[PDB]
Amino acid sequence: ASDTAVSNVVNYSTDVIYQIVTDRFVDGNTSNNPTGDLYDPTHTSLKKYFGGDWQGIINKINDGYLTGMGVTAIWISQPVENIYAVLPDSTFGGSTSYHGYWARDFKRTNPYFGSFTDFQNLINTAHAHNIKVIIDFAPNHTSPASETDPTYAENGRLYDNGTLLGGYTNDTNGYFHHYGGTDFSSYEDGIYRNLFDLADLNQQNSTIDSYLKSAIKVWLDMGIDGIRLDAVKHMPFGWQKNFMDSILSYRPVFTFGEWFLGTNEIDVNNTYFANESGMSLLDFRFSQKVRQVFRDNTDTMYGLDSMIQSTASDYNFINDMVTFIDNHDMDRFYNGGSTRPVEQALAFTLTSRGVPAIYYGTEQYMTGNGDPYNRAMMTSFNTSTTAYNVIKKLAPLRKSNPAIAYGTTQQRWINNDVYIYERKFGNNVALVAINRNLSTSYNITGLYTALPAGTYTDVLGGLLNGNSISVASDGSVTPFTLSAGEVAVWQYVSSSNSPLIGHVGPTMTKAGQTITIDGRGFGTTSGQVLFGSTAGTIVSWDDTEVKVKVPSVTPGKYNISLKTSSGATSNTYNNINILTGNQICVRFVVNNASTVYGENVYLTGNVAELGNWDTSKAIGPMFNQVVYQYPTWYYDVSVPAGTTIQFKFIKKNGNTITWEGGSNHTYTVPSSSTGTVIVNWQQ
Ligand SMILES: [Ca+2]
Ligand SMILES: [Ca+2]
């Protein structure tokens, strides 16, 4: 098959996701609408159900709105059952689960969004039209709750396909966390404490780990093509890594979590998570910078480039980064006045690296600063808007030009207002020019490009004032004037191709599994795929896509390369994580581990999942506030199930590594449930 086929659920680099808040899009069926205080037929009470549903989404696919726009994927609200309680809101006089983030039963659907048959209708309709379906999923909590007053809301109660498990109050089984609420003081604090008043699920509890793992398979069984994990910054990395493996070994689908980063914010945990969790992240570094430059004027084009550059050094898999300019949590990008800024932001996002996600109603210039004003009902479905057409013209390039989907990015010209960059994947090239200044034109001289000598017209057809250009044999471009607010896109798509890997998914595997290598020039007759210098088993070989079975190599990260039947060797795609086996989440605890000021305790050990004795890649720094207090440290770690591990704890700083004394601690990871090991620091 092809890397662009709707069936390639492990690669979204050639796609454009359209984010829909189900309730605020289209009420395709009035018979399923809530009744009473839960519903607001006038669409004025922003926190009540307005009636949007899966049938309405289906309607926009069949009538050509979404398709006509060039959308290849849709990300919808969490489909699971939510609480029916209407909470008190002083401002909006009513607060409901219209958003779908207040889970009640993860094994059932929200009656107002539709039945499982309705959900299926949607999945089948999307696919029939070559559209992938992404679902929001929030395993961090259930719903708003007061353990002191079980009368408030539905007590954060959790059901298992109808049968109640328990609520926040009198939680004798310990399904939830009872450490009060987070004040975001630390990474650990925001994990084991509640997000505001939402009942915190305790996924270290065996029953909870199993429920969640079994609940996700329910949806995978429904045919979904991707998952959006909510608040991945508020759950342990160890559990999530273990949860990711559970998904990937069942039926691998592109997965990306939400790890909010503020303006100018960079978090080394965020980077580490994106690189080791087995899942991808939404680019908040991208999004925030983009808004600083095109929307709020708190930064220039030099900051847009530093982001492009730094972001490419920190992320092992930048082609997996989900980019956006706004969402259900941010103020709507269009703030009034000129719409050029949004239009330029959309073009820049659409031609840049990663996976473009577009918040619904952007193409319609919808405005709204703050939740919930930024979640108003779909205004209109007008296809004349410049925005709608920028997407129409740009979206398809992600399937037609490998450079745009997988290529690197390079700044070819720049000043405070102008950004000219190049996307390159072998001989395929894409060059983009953007002038953010709405009142000043620039004379572009000294511009060079990888585009072949020739005359190139604007892909946008002058939609954003772009024009054609002429390139010489030496790559030089004839001087041209970039008008105010101009965006021009020029490209070259090679006819021939040497073997080039532009993508590999999933990034976290195990021997015996199958991975998909995507690119160009692979050939039609099978060659060879290598994990290091070890050849794997070809499951299927095509010019743009190759599927292979992971050889039984020593667990760890491997660099992939491919050799054509003509002996042509490709480029390598590095850092694919081959695990020891099925993952299990174990909580490691160490007592009496006292440290001097600014010194932390980490976990190193026998397996790859533990860093194989490499103190530089040791697990930590471990936690020591919520669950257990210093000097006892603990950490939730993903480890190979049913394996006997030798490990030791250490105290690190920057210029001292103190190892535990005595002999390595031993433990045999449990086969099916979560586990806990407790030991005392050995002198
Ligand atoms: Ca409805
Ligand atoms: Ca949590």
# chains A, B, ... in the order shown; residues from 1 in each chain; ligands from 1
>>> residues_around(residues="residue A:565", least_positions_apart="3", cutoff="7 Å", atoms="only C-alpha atoms", output="list in words")
residues 525, 526 and 527 of chain A
>>> write_last_selection(atoms="N, CA and C atoms", output="mmCIF file, in the first residue's frame")
data_model
loop_
_atom_site.group_PDB
_atom_site.id
_atom_site.type_symbol
_atom_site.label_atom_id
_atom_site.label_comp_id
_atom_site.auth_asym_id
_atom_site.auth_seq_id
_atom_site.Cartn_x
_atom_site.Cartn_y
_atom_site.Cartn_z
ATOM 1 N N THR A 525 10.349 -4.459 -5.660
ATOM 2 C CA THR A 525 10.855 -5.788 -5.335
ATOM 3 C C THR A 525 11.551 -5.650 -3.982
ATOM 4 N N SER A 526 11.232 -6.545 -3.051
ATOM 5 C CA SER A 526 11.798 -6.473 -1.707
ATOM 6 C C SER A 526 13.310 -6.473 -1.572
ATOM 7 N N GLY A 527 13.787 -5.600 -0.692
ATOM 8 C CA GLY A 527 15.201 -5.457 -0.404
ATOM 9 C C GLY A 527 15.464 -5.960 1.011
#
>>> residues_near_ligand(ligand="ligand 2", cutoff="9 Å", atoms="only C-alpha atoms and all ligand atoms", output="PDB file with N, CA, C and O atoms, in the first residue's frame")
ATOM      1  N   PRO A 139      -7.767   9.342  30.853  1.00  0.00           N
ATOM      2  CA  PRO A 139      -7.677   8.374  31.941  1.00  0.00           C
ATOM      3  C   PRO A 139      -7.094   8.937  33.239  1.00  0.00           C
ATOM      4  O   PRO A 139      -6.706   8.181  34.129  1.00  0.00           O
ATOM      5  N   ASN A 140      -7.043  10.261  33.351  1.00  0.00           N
ATOM      6  CA  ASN A 140      -6.484  10.903  34.535  1.00  0.00           C
ATOM      7  C   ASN A 140      -7.442  11.032  35.713  1.00  0.00           C
ATOM      8  O   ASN A 140      -7.024  11.034  36.870  1.00  0.00           O
ATOM      9  N   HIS A 141      -8.727  11.167  35.422  1.00  0.00           N
ATOM     10  CA  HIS A 141      -9.708  11.373  36.473  1.00  0.00           C
ATOM     11  C   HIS A 141     -11.063  10.972  35.932  1.00  0.00           C
ATOM     12  O   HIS A 141     -11.188  10.564  34.778  1.00  0.00           O
ATOM     13  N   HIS A 177      -7.292   8.934  44.175  1.00  0.00           N
ATOM     14  CA  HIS A 177      -6.214   9.504  44.978  1.00  0.00           C
ATOM     15  C   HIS A 177      -6.837  10.455  45.980  1.00  0.00           C
ATOM     16  O   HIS A 177      -7.713  11.239  45.633  1.00  0.00           O
ATOM     17  N   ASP A 189       3.683  16.863  42.499  1.00  0.00           N
ATOM     18  CA  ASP A 189       2.448  17.371  43.088  1.00  0.00           C
ATOM     19  C   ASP A 189       1.273  17.346  42.114  1.00  0.00           C
ATOM     20  O   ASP A 189       0.143  17.034  42.493  1.00  0.00           O
ATOM     21  N   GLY A 190       1.541  17.691  40.860  1.00  0.00           N
ATOM     22  CA  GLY A 190       0.497  17.731  39.840  1.00  0.00           C
ATOM     23  C   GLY A 190       0.133  16.360  39.297  1.00  0.00           C
ATOM     24  O   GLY A 190      -0.713  16.242  38.410  1.00  0.00           O
ATOM     25  N   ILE A 191       0.768  15.323  39.829  1.00  0.00           N
ATOM     26  CA  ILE A 191       0.515  13.965  39.367  1.00  0.00           C
ATOM     27  C   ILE A 191      -0.382  13.156  40.297  1.00  0.00           C
ATOM     28  O   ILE A 191      -1.318  12.485  39.854  1.00  0.00           O
ATOM     29  N   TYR A 192      -0.065  13.202  41.587  1.00  0.00           N
ATOM     30  CA  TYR A 192      -0.792  12.444  42.596  1.00  0.00           C
ATOM     31  C   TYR A 192      -1.914  13.189  43.309  1.00  0.00           C
ATOM     32  O   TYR A 192      -2.644  12.609  44.118  1.00  0.00           O
ATOM     33  N   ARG A 193      -2.062  14.470  42.995  1.00  0.00           N
ATOM     34  CA  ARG A 193      -3.126  15.278  43.578  1.00  0.00           C
ATOM     35  C   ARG A 193      -4.117  15.592  42.465  1.00  0.00           C
ATOM     36  O   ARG A 193      -3.794  15.474  41.292  1.00  0.00           O
ATOM     37  N   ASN A 194      -5.331  15.968  42.836  1.00  0.00           N
ATOM     38  CA  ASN A 194      -6.375  16.258  41.865  1.00  0.00           C
ATOM     39  C   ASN A 194      -6.220  17.545  41.079  1.00  0.00           C
ATOM     40  O   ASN A 194      -5.722  18.548  41.585  1.00  0.00           O
ATOM     41  N   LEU A 195      -6.705  17.509  39.840  1.00  0.00           N
ATOM     42  CA  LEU A 195      -6.707  18.672  38.962  1.00  0.00           C
ATOM     43  C   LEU A 195      -7.969  19.442  39.363  1.00  0.00           C
ATOM     44  O   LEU A 195      -9.078  19.118  38.938  1.00  0.00           O
ATOM     45  N   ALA A 199     -11.951  13.983  40.510  1.00  0.00           N
ATOM     46  CA  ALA A 199     -11.470  12.810  41.239  1.00  0.00           C
ATOM     47  C   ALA A 199     -10.288  12.185  40.509  1.00  0.00           C
ATOM     48  O   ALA A 199     -10.412  11.755  39.364  1.00  0.00           O
ATOM     49  N   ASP A 200      -9.141  12.145  41.175  1.00  0.00           N
ATOM     50  CA  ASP A 200      -7.930  11.581  40.586  1.00  0.00           C
ATOM     51  C   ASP A 200      -7.931  10.053  40.587  1.00  0.00           C
ATOM     52  O   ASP A 200      -8.040   9.430  41.636  1.00  0.00           O
ATOM     53  N   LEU A 201      -7.797   9.451  39.410  1.00  0.00           N
ATOM     54  CA  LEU A 201      -7.769   7.999  39.319  1.00  0.00           C
ATOM     55  C   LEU A 201      -6.399   7.534  39.778  1.00  0.00           C
ATOM     56  O   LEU A 201      -5.393   8.188  39.510  1.00  0.00           O
ATOM     57  N   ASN A 202      -6.355   6.406  40.471  1.00  0.00           N
ATOM     58  CA  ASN A 202      -5.092   5.857  40.936  1.00  0.00           C
ATOM     59  C   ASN A 202      -4.831   4.652  40.051  1.00  0.00           C
ATOM     60  O   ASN A 202      -5.351   3.567  40.303  1.00  0.00           O
ATOM     61  N   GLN A 203      -4.061   4.862  38.986  1.00  0.00           N
ATOM     62  CA  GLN A 203      -3.768   3.798  38.034  1.00  0.00           C
ATOM     63  C   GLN A 203      -2.730   2.783  38.487  1.00  0.00           C
ATOM     64  O   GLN A 203      -2.400   1.853  37.753  1.00  0.00           O
ATOM     65  N   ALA A 231      -4.162  15.465  29.624  1.00  0.00           N
ATOM     66  CA  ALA A 231      -3.345  15.685  30.812  1.00  0.00           C
ATOM     67  C   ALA A 231      -2.239  14.664  31.070  1.00  0.00           C
ATOM     68  O   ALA A 231      -2.075  14.201  32.194  1.00  0.00           O
ATOM     69  N   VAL A 232      -1.459  14.344  30.040  1.00  0.00           N
ATOM     70  CA  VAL A 232      -0.371  13.378  30.178  1.00  0.00           C
ATOM     71  C   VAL A 232       0.733  13.884  31.096  1.00  0.00           C
ATOM     72  O   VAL A 232       1.681  13.163  31.416  1.00  0.00           O
ATOM     73  N   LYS A 233       0.594  15.127  31.532  1.00  0.00           N
ATOM     74  CA  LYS A 233       1.566  15.733  32.434  1.00  0.00           C
ATOM     75  C   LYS A 233       1.102  15.508  33.871  1.00  0.00           C
ATOM     76  O   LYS A 233       1.829  15.784  34.831  1.00  0.00           O
ATOM     77  N   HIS A 234      -0.118  15.001  34.006  1.00  0.00           N
ATOM     78  CA  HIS A 234      -0.703  14.767  35.306  1.00  0.00           C
ATOM     79  C   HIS A 234      -0.880  13.302  35.657  1.00  0.00           C
ATOM     80  O   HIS A 234      -1.684  12.949  36.514  1.00  0.00           O
ATOM     81  N   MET A 235      -0.092  12.458  35.000  1.00  0.00           N
ATOM     82  CA  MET A 235      -0.091  11.020  35.245  1.00  0.00           C
ATOM     83  C   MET A 235       1.365  10.618  35.156  1.00  0.00           C
ATOM     84  O   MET A 235       2.153  11.273  34.473  1.00  0.00           O
ATOM     85  N   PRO A 236       1.727   9.548  35.852  1.00  0.00           N
ATOM     86  CA  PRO A 236       3.110   9.087  35.862  1.00  0.00           C
ATOM     87  C   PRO A 236       3.566   8.596  34.495  1.00  0.00           C
ATOM     88  O   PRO A 236       2.814   7.946  33.768  1.00  0.00           O
TER      89      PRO A 236
END
>>> residues_around(residues="residue A:436", least_positions_apart="5", cutoff="10 Å", atoms="only C-alpha atoms", output="ChimeraX atom specification")
/A:293-295,300-301,340-341,344-345,416-419,441,483-487
>>> select_by_dssp(residues="stretch 421-489 of chain A", states="strand (DSSP E or B)", output="VMD selection string")
chain A and resid 421 to 425 428 to 435 442 to 444 448 454 to 456 465 469 to 471 476 to 477 480 to 482 487 to 489
>>> residues_around(residues="residue A:42", least_positions_apart="3", cutoff="12 Å", atoms="only C-alpha atoms", output="ChimeraX atom specification")
/A:39,45-46,48-51,376-377
>>> write_last_selection(atoms="C-alpha atoms", output="PDB file, in the first residue's frame")
ATOM      1  CA  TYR A  39     -29.889  21.284  27.244  1.00  0.00           C
ATOM      2  CA  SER A  45     -25.655  29.105  27.824  1.00  0.00           C
ATOM      3  CA  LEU A  46     -22.070  28.207  26.870  1.00  0.00           C
ATOM      4  CA  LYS A  48     -24.790  23.390  28.626  1.00  0.00           C
ATOM      5  CA  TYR A  49     -25.288  20.840  25.868  1.00  0.00           C
ATOM      6  CA  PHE A  50     -26.116  22.507  22.557  1.00  0.00           C
ATOM      7  CA  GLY A  51     -26.884  19.202  20.824  1.00  0.00           C
ATOM      8  CA  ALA A 376     -19.282  28.426  20.433  1.00  0.00           C
ATOM      9  CA  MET A 377     -21.545  26.549  18.010  1.00  0.00           C
TER      10      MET A 377
END
